[PDB]
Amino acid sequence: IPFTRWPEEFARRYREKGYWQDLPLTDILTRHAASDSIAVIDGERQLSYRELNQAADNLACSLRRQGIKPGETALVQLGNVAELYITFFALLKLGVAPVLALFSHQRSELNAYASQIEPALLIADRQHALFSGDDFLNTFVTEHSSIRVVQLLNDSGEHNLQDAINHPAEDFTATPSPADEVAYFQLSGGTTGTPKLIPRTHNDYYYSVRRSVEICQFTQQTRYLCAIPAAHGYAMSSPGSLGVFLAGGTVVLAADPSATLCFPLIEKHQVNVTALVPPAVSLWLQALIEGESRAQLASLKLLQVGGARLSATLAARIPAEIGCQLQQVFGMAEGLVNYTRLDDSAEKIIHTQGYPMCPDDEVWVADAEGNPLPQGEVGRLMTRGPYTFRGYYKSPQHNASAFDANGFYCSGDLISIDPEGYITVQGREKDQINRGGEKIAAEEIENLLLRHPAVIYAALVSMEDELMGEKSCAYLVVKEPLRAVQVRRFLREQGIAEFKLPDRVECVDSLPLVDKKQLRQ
């Protein structure tokens, strides 16, 4: 499985310093294979590490019997369910590298992922609108003929993922890919018209988990509510569910971050850490103001907030109104994660997005033409390090633009750095809407909009929104009367995720040739 390797001297350095340990990610789970302590709670169901590890072996073995081989790829679509983890470790034990699509993703995204990786295996959920029946499947399996095996959650027929999980593995020996090879693909937020895959090796990903575990001080006491989409990197590895597993703690799954669901789960299971995006924080604080008892949250000791910028105002309300500590988390699927620390001053936790997890994360600030700016100045975030990728999957064209000659990746973020070394996110350069933490590549939606018979020109831009931070607005130059609901129906027909439908549509007589900078003015 081809990907952009680190130069040999970076690998060597990163091994000498102890960052790359050459262990497979399966070791996160198998070190606890003998443990009957609880690893995952999902509704009424509670799976121990022993059971979780056996479930991954069973599924891996069953897939091996059905002909899946090491070095092949898979497409996985599972929400906040225990079977997400069973599947991730089962594929890791076989040396198969998955994309974990989010439940919210639809045809265009699944098609895009399948087209790039040519999965031999599709695993999905009949609860998803696309898979309750068999029509889409037939089309998907026809148009992506690489697929030989389909397993489905909540299925009673021949393709029931449970039957595979429940079938005891006879004589199963794991064959994880080598540690310096690809373990899995992450999804980028998106800055272009087609989605970009981020290969993650075992060395690089395990280090990001292990080190996030030291910084967040996770242990067997950790009881972690995973309420945001479980397959996103923030939920998975920063320190996420995998850091919880590493530490031997417990992951509590929630379908969504609503107070309605989560306040009760936090009290019931005595949750002590969770991860949210800013709007979920506001909604929580407002639920308390509408009279939810603060005591449901007593056991909470650490609340991470990331995905998008937390305002200082909102941040300060966390210790005050919830009474746990805040940790700001500014990371990216491509790699780099900055954290505020648990012993940082209130000033740094409230007003900054922390600093890199690794001492050899290298971060500088560039001006418009690639030159370093002195500290305090606002510019483009440039970075490289032991867990930051060196290229997107099969993307020579885009890769040429995304990295400088020295291997530094530009995140598209505008930042400034403190005298103390802390980073503050000041804005953005990449053509991306950050809708309450969820990323929308504007070019993707614009291209879809231009396919409408009536749309001549199209621009998608963010607009300030108090709850979500940013909402999306589509500015269109049109031939004929066009209402928002027509645009949304149409985009939905193209088969994209709901959060990607414009919150607002506006027909305008003209747009500048599209020069969005001009448009903002």
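When you see a residue number, it is the position in the sequence shown, counting from 1.
Looking at mean Cα B-factors across 311-319 and 361-369, the upper value is held by 361-369. Taking the PDB entry as given, 160-168 carries the higher mean Cα B factor of the two stretches 160-168 and 333-341. Ranking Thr173, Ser146, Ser299, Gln304 by Cα temperature factor from the entry places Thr173 first. Ranking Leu253, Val378, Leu285, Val271 by the C-alpha B-factor listed in the PDB entry places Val378 at the top. The PDB entry assigns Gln116 a C-alpha temperature factor belonging to the middle third of its chain's modelled residues. Sort the chain's modelled residues by C-alpha temperature factor and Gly79 lands in the lowest third, per the entry. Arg390: CA B factor lies in the middle third for its chain, per the PDB record. Sort the chain's modelled residues by C-alpha temperature factor and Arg294 lands in the highest third, per the entry. The PDB entry assigns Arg488 a C-alpha temperature factor belonging to the lowest third of its chain's modelled residues.
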